[PDB]
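What the coordinates show
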Amino acid sequence: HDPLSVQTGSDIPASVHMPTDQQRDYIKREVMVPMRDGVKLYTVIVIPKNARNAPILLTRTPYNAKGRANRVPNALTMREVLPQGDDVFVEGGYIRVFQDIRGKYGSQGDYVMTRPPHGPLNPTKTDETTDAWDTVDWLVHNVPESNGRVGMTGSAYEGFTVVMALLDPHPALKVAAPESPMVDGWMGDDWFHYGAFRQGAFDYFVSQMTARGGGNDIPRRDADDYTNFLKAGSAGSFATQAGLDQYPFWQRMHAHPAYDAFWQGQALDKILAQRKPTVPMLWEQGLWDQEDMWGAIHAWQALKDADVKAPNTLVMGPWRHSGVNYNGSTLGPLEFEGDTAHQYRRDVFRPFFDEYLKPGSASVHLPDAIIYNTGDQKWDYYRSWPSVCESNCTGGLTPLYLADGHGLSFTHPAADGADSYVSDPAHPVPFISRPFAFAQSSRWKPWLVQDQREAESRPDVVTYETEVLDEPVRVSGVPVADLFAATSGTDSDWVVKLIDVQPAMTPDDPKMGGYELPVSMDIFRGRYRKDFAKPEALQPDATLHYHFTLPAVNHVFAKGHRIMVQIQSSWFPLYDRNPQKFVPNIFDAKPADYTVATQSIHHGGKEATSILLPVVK
Amino acid sequence: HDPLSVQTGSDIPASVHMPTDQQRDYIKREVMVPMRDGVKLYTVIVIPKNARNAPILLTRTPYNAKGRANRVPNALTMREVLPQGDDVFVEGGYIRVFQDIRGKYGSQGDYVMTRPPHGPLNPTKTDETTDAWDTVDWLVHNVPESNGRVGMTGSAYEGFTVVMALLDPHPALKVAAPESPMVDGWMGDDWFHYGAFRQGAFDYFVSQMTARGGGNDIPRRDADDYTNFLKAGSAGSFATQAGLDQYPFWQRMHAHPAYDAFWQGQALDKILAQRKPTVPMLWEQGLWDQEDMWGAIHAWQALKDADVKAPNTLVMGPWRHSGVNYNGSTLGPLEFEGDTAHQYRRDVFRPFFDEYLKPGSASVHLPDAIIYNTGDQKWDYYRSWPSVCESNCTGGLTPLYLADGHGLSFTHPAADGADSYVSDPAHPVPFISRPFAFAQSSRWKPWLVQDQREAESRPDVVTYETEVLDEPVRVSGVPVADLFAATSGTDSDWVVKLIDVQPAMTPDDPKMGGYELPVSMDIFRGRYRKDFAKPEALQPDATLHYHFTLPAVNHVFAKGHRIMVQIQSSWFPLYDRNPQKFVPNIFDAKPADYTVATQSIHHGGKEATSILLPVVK
Amino acid sequence: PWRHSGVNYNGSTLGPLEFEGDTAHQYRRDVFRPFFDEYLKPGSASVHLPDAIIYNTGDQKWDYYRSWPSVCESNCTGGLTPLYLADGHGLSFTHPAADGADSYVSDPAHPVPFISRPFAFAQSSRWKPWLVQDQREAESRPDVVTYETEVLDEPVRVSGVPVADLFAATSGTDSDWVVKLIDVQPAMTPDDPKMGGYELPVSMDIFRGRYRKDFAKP
Ligand SMILES: CC1(C)S[C@@H]2C(NC(=O)[C@H](N)c3ccccc3)C(=O)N2[C@H]1C(=O)O
Ligand SMILES: CC1(C)S[C@@H]2C(NC(=O)[C@H](N)c3ccccc3)C(=O)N2[C@H]1C(=O)O
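Residues numbered from 1 in each chain as written, not as in the entry; some residues may be left out. Chains lettered and ligands numbered in written order. Part of a larger assembly, values for the part shown. Heavy atoms only, no water.

The deposited coordinates derive from X-ray crystallography, with the record listing a resolution of 2.20 Å.

Set out below in structure tokens:
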């Protein structure tokens, strides 16, 4: 029979060898790199055509290396095939490497969520540190087009693997750039913020741990997660209905609600500081990092306190989580001066890496910190940062006290007073307007810059503000909440927001008129007031002292603006509700545990609530 | 060691026992259904919880059955889990079945693009007809929750499987509804339109035939496919560079550019009419179906001509390809009276199926055709349709003649004349505004309703129009292009557009003022003027007679509007360029073959070019 | 299904709601015009209009009621059907035998925004469709009390004038009482995801308490 007319076989070719591969400006190599224990990791190596003695940029990920190196699947150019954040390195003729971490996608082995370093939580012979070590060693001995020099980078979990590598790096690892890294999931990164549980973790658990490869989110009943979580009750109740009780990582998390040995043995900022790395580091996070706000700044500061003898620079731009690898010209309704993300990548990131990865390159002398000013709209270069803080700094912090008539003053109010608000767990304050589902990435990403006017309009939120500013107030450093608060219950969460109120009218951009822009906010779970590792019941109606750091600022409250402070006791559904009655484990709270409570914030006198502001000249 | 602290194993559970399955209102059964030759087909059966004596709605697809039955992956309700087009059947308590056709995704066997029916092109013991027969037989003997009655539906390729089943159906198949079915890929469906090749097929080939499962599109050099295809030259040159020469189906298509035995043996409209089927049929296609305009109407008409002894109704709504399964409220800038798609599904589709699938249900008496009026904005029920055509109809067609001064008249112009335009293959007319890539689904879907003013402004397009209408002109049926055209070359394509010019000003919706809306347009490859199977060279400068049907219409050209006709010789990059020089195979046209030509359209006299309009009272 | 003066524009939508075609043009063309032609253009066809022509915001069609309404408090074919507030913040057609009460604190320093902040009366685009806005923001507040039926197994048809029969107490000596009748959309609306659980008010109003006994004498 004529094959050009009659097909009795298959129309699917046995093997494909398309000439589009010869039309590429790069070469893609797939290799199973063996670790010291025999476990092989899937590694993608993207080499520019005619590359000779080129440096290597490495990233280790739980997010499918094959896909990460395929922004535009099988693209004709390296620029399209690699992520937007790799732009400056593609332009620099770097060799790009993406590797699936142990137990994920193309890699063999067992997967352990944020696998702990060797120690009491990991008694085996391998960890993310040795895996990175073995990887770098293989690369410098099996990539002839390379110069044997490796640089490491990555954001979030991809930043976590960089930090792990820094614990004991291979001699060929010449430079590192952890971006929004997961450093302490309990203190202020992905899982908790000062012990307050982040409910978006459930979808992440099922999505990343259902299979070696891809997984799905938890099927929902309602389009609104405010509804879904409130109806389920406690976080543990939602997890149980989702089937998470059979997931080993959730089993461990549920067993360790407090900051005990399980979480302390995973605090990478403290562990890295003990090791005192000698590899040049560039730490980065967004000023509005909605997923890993604790990581970079705390790791960088710990290293500074440990007196590291290696380049250790902190970079913070006007970005959301991982925004550094995309376009940084805007965030929500905010507009910045140009693509700040590309600016950093091109003017700082790239030259810094070139110095150690490309022999003969110009030397860069980076300061302590490079931070974008969200007030002046420009990049600030700080030789020594911060210049103001609570201890061991040139100057101290400047308290902005809460006052009578819901005001704020830099003068300590002698008059004693208190403002009350009722916190009702049956009607928790939406962290962003309803309806909201964790699946709505477009709403989640810029949530930290949203207008706080909705919250202000509620009786379960207390708001304070200065008079309209006649002179600008410059802040640069870490604000500290010095809170004196009472609750009629035996437990409570305390949400503190530092806000920049835009001019009453903004005629050049009308929508921004009176807009309440939060520059720094966080939540503190009251039971941990005395000890993060040992939760304790609060005394009903007792004015108690809470003292905790808030996200860093580098802002200028300009003329016409106001400084504002908002305090509330819920932030739903991002954070699970504090039942306001002391229970052993808030994950297991029952319907009858949730108690309406009256909260009282004291102002003036010996218990003068204030925000310790890093005011500078 | 403590397992709740120390994990030396994997965080990925061996298997998941999700309790969310008990909250579902449906169950899913996955079965490998064996065909008569031993080959097993992956079949997904979606049964409403506690269903009994329920009818079955079956669809056979090359687009992943598992995914088709997972609109919202693992949803809690059957309504979410199934496609939007299944809404009325979910409400009716139907059992939904999606099956992977032989050789695709979860199914075994060899895959053959639009596998031809048993005959000269398929000498084996199986085909899509027997596969459907074996499937229905298994379903009625292995699904206890069913009443033994099966209904078949599906759009495009999923409609093609319905037609194939109708060739020799199982006695349990009580009713069928082919939607925009692939019936004749050469005459006017997916691959060609009157011999003019559709270049979007290349991406489809690589996406559907690279592997049993999912594939990818062809990597592009430029963002604009106008640029990509023009730079490549001929369609065969693009296919070669894409690596399609190793794909068996392309090898067969390339060897059969003309309507020979290979395509004639695949014309389902002619084959089905010869089989004398007795299964009630409901044929559907969009009035603006940009992918399968030929299929439904031609199959329905052939059966009507063969005096089919079964219900045979044609339905055409104001939809784009497969629009019947979504929301039919709008299309491009057009707005219709409500969700026309849901209206049809609820008022016609569902009750028709219920009559034969749910014993005891009310009987429906559908007319010849149910067509939406794109002028009156209402559903028309035509007992006998069409009422006007070339032969064997109640009335004849009404010619709208091209006239002097670029006008259009219902009066046969006595004066002989001609208008000329230069067709340059180096500057082909964009079918839609540049830039355009076949990957841009949002621009491709509603392309048939786009404003034709851009084309009008070009010197390589001739435009004719009536005076502003003082009285409405109603049309219902199939328009026929009666073209008398000459070319200075030895080959040429002829694009003819029937347009409704909106009122000069539309104050209630300003953007529509003077908008040139095409209600019916198509292309004809000149070499097939005398015979579709035997291409012939055209005589240079000879006025030749072209006679071909255009897409059906059911419209009213209202007062203030104009009727317009546009003629051109290219439609890029949707259709490959006619070199305008007769070559044996246009697929393999060489750079030197492409020739600039002068086109002349004659009007009036014995060669009075016109559009034979189906004008009705 | 229109906002104020919506009859003179396009009636295909209102906020996020979508109706069956341009309902405003439908009325203007099929009812308004022929009715006027009968008395203004001698020789025109006579039209026999019913008591009321009302669009059904549930069935998405025009209803022609010869006699409307068919149910009301006095002098109608039938009476009204009470939908009682119940324990557990529920709603029931069955009169609850036991006495109960739910409380909420009304603070004038933090009044409930009728629509999301910020809002200026100059923003006509936000003002026009305000009556169809989602009431989920209000529900989330402690100064708002919310009641709901279980998910409906059977449709409930309503046509006429609803009446608020309120038994309320305040610790003050005056108070406003806002009552909203809402249709909660299905938990999930896969064909239009944004509508899932949407709390659409079909009828709401406010009553100034001082006028409880007499509108003329507070
Ligand atoms: C590094 C990223 C590009 S991938 C990661 C991500 N996406 C997901 O987590 C998503 N569920 C996913 C995608 C692919 C495989 C597995 C899971 C996202 O966002 N993060 C980015 C970031 O931090 O910049
Ligand atoms: C029936 C459909 C829902 S799937 C089909 C489609 N999409 C593709 O062809 C696409 N390449 C694809 C998607 C998923 C798996 C494999 C291939 C599209 O559009 N058609 C729809 C229609 O006709 O209604």
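1. Side note on the overall build of chain C
Heads up, the rule is: Elements are defined by DSSP. Helices are runs of H or I of four residues or more, strands are runs of E of two residues or more, and each kind is numbered from the N terminus. Here's how the labels work: a residue is buried when its accessible area is under 20% of the maximum for its type, exposed when over 50%, partly exposed in between, all with a 1.4 Å probe on protein chains only. A contact between two residues is defined here by any heavy atoms of the two lying within 4.5 Å.
Secondary structure assignment for chain C yields 3 helices and 8 strands. When the elements of chain C are put in sequence order from the N terminus, they spell out β-β-α-β-β-β-β-α-α-β-β. By its C-alpha atoms, chain C is 65 × 45 × 45 Å across when sized along the principal axes. The buried share among the 218 residues of chain C stands at 23%. Of all intrachain contacts in chain C linking residues separated by at least 6 positions in sequence, the fraction that spans at least 24 positions is 44%.

2. Details of the overall build of chain A
Applied cut-off: Method for areas: the Shrake-Rupley scheme with a 1.4 Å probe, in which residue coverage is limited to the protein chains shown. For this count, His and the chain ends are skipped, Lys and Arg are scored as positive, and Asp and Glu as negative. In plain terms, the charge of a residue is placed at NZ if it is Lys, CZ if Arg, CG if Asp and CD if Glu.
Per the secondary structure count, chain A includes 15 helices and 28 strands. Structurally, chain A occupies a C-alpha span of about 95 × 55 × 55 Å along its principal axes. Looking at chain A alone, contacts between residues at least 24 apart form 75% of all its contacts between residues at least 6 apart. Surface summary for chain A: the accessible area is close to 21900 Å², and the carbon and sulfur share equals 51%. Charge separation in chain A, taken as the distance between the mean sites of 57 positive and 75 negative side-chain charges, equals 5 Å.

3. Here's the deal with the site of ligand 2
All names here are of chain B. This is how it is decided: Any residue with a non-hydrogen atom lying within 4 Å of a molecule or strand is treated as near it. Polar contact is defined as a pair of N or O atoms within 3.5 Å, subject to the rule that within protein one atom must be able to donate a hydrogen and the other to accept it, and that residues adjacent in sequence are counted only when both atoms are side-chain atoms.
Around ligand 2 sit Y63, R68, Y105, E158, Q208, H321, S322 and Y326, and that is every residue in its neighbourhood. Note that an oxygen atom of ligand 2 is positioned 2.8 Å from one of the side-chain N or O atoms of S322. Contact distances for ligand 2 include 3.3 Å between an oxygen atom and a side-chain N or O atom of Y326. Computed on the free molecule, ligand 2 has an accessible area of 520 Å², of which 60% lies beneath the protein chains in the complex.

4. Digging into the interface of chain B and chain A
By a widespread convention, an interface's size corresponds to the accessible area lost as its parts come together. The cut-off we apply is this: The salt bridge criterion pairs a side-chain nitrogen of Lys or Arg with a carboxyl oxygen of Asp or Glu, the two atoms within 4 Å.
Taken together, the contact between chain B and chain A spans 53 residues of the former and 54 residues of the latter. Applying the counting rule to chain B against chain A returns 2 salt bridges. As a salt-bridge pair, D11 of chain A and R252 of chain B come within 2.8 Å of each other at their nearest N and O atoms. At the surface where chain B touches chain A, the tally comes to 13 residue pairs in polar contact. Every element with two or more residues in the side of chain B that touches chain A is listed here: α6 (201–209), α8 (235–242) and α9 (248–255) of chain B. Looking at which element gives the most residues to the side of chain B that touches chain A, the answer is α9 of chain B, with 5 residues.

5. Comments concerning a nonpolar patch on the surface
Residue and element names in this part refer to chain C. Stated precisely, the cut-off is as follows: Exposure above 30% relative accessible area and no salt bridge define the residues that can form patches, which grow by joining like charges within 9 Å and nonpolar side chains of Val, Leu, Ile, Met, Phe, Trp and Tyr within 5 Å.
A cluster of nonpolar side chains, contributed by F32, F35, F36, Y39, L40 and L49, occupies part of the molecular surface with about 610 Å² of accessible area. By the element assignment, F36 lies in helix α1 (residues 23–40). On the basis of relative accessibility, which here comes to 44%, the residue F36 falls in the partly exposed class.

6. Some thoughts on the site of ligand 1
All names here are of chain A. We apply this condition: Residues are sorted three ways: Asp, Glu, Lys and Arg are charged, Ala, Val, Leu, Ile, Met, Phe, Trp, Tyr, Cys and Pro are nonpolar, and all the rest, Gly among them, are polar.
As a structural note, the neighbourhood of ligand 1 is formed by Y63, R68, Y105, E158, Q208, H321, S322 and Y326. In the environment of ligand 1, an oxygen atom lies 2.9 Å from a nitrogen or oxygen atom belonging to the side chain of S322. Between ligand 1 and the protein, one listed contact pairs an oxygen atom with a side-chain N or O atom of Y326 at 3.4 Å. Contact with the protein chains removes 61% of the 520 Å² of surface that ligand 1 exposes when unbound. Considering only residue class, the shell around ligand 1 consists of 3 nonpolar, 3 polar and 2 charged.

7. A look at the interface of chain C and chain A
Under the convention used in this document: For any pair of parts, buried area is found by adding up, for both, the accessible area (1.4 Å probe) each one loses once the two are put together.
Taken residue by residue, the interface counts 21 residues in chain C and 22 residues in chain A. Three residues stand out in chain C for area buried against chain A, namely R117, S140 and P142 of chain C, and they jointly supply 32% of the buried area on that side. In this structure, the connection of chain C to chain A is made through 3 salt bridges. A salt bridge links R434 of chain A to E139 of chain C; its shortest N-O distance comes to 2.7 Å.

8. Structural notes on the sheet that holds strand β19 (residues 473–477) of chain A
Residue and element names in this part refer to chain A. Rules: Between any two strands, at least two bridges found by DSSP are needed for them to pair.
The strand order across the open sheet formed by 3 strands is β24-β19-β28, and the pairing between neighbours is antiparallel. Of all the strands in the sheet, just β24 (553–557) and β28 (615–616) have a single pairing partner and so form its edges. Alignment of β19 against β24, held across 5 bridges, turns out to be antiparallel. Counterpart to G477 in the pairing with β24 is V553.

9. Observations regarding the side chain of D354 of chain A
Tracing the sequence through the fold places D354 of chain A in helix α13 (residues 340–357). If near-sequence neighbours (up to four positions away) are discounted, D354 of chain A is found in contact with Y94 and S361 of chain A.

10. Brief notes about the domain arrangement of chain A
All names here are of chain A. The condition that has to hold: For the domain bounds, the source is a domain assignment made automatically or taken from a database.
Assigned domains within chain A: domain 1 (1–189 + 267–383), domain 2 (191–266) and domain 3 (384–617). Centre-to-centre separation of domain 1 and domain 2, based on C-alpha positions: 27 Å. Between domain 1 and domain 2, the residue contacts involve 31 residues of the former and 24 residues of the latter. Taken as a group, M113, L121 and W186 account for 33% of the area that domain 1 buries against domain 2, more than any other trio of residues on that side. Among the elements that make up the side of domain 1 that touches domain 2, the one with the highest residue count is helix α11 (residues 268–275) (3 residues). A breakdown of the residues in the side of domain 1 that touches domain 2 according to their chemical character gives 18 nonpolar, 8 polar and 5 charged.

11. A closer look at the pairing of strand β13 (residues 369–373) of chain A
Within a regular strand, the side chains alternate between the two sheet faces. Residues and elements named next belong to chain A. Extensive coverage of β13 is indicated by the burial of 5 of its 5 residues. Side-chain alternation along β13 places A369, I371 and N373 on one buried face and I370 and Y372 on a second face that is also buried. Direction of pairing for strand β10 (residues 312–317) relative to β13: parallel, over a ladder of 3 bridges. The residue of β13 that forms the bridge with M316 is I371. As paired strands, β13 and strand β14 (residues 378–382) are joined by 5 bridges and run antiparallel to one another.

12. Thoughts on helix α13 (residues 340–357) of chain B
Given 3.6 residues to a turn, an α-helix orients residues that are three or four positions apart in the same direction. Residues and elements named next belong to chain B. For clarity, the threshold we go by: An expected span of 1.5 Å times one less than the residue number is assigned to each helix. To obtain the bend at a residue, axes are fitted to the seven residues ending there and to the seven starting there, and the angle between these axes is taken.
Spanning 18 residues, α13 covers 24 Å between terminal C-alpha atoms, matching the ideal 26 Å at 1.5 Å per step. Along its length, α13 reaches its greatest deviation from straightness, about 30 degrees, at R346. Of all the 18 residues making up α13, 14 are buried; the element is thus mostly covered by neighbouring parts of the structure.

13. Describing the side chain of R102 of chain B
All names here are of chain B. Assignment of secondary structure puts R102 in the loop between β4 (95–100) and α4 (128–142). A polar atom in the side chain of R102 sits 2.7 Å from the side chain of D37. A polar atom in the side chain of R102 sits 3.0 Å from the side chain of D131.

14. A word on the sheet that holds β14 of chain A
All names here are of chain A. Quick reminder of the rule: Lines fitted to C-alpha atoms define the axes, with helix axes restricted to the stretch in contact, and inter-axis angles between N-to-C directions lie between 0 and 180 degrees.
Pairing within the open sheet is mixed, and its 10 strands lie in the order β1-β2-β4-β3-β5-β6-β9-β10-β13-β14. Two strands bound the open sheet, and with one partner strand each, they are β1 (26–34) and β14. On average, adjacent strands in this sheet sit at an angle of 20 degrees to one another, irrespective of strand direction. Each of β9 (281–286) and β10 is contacted by helix α12 (residues 295–305), which is oriented at about 145 degrees to β9, the strand it contacts most.

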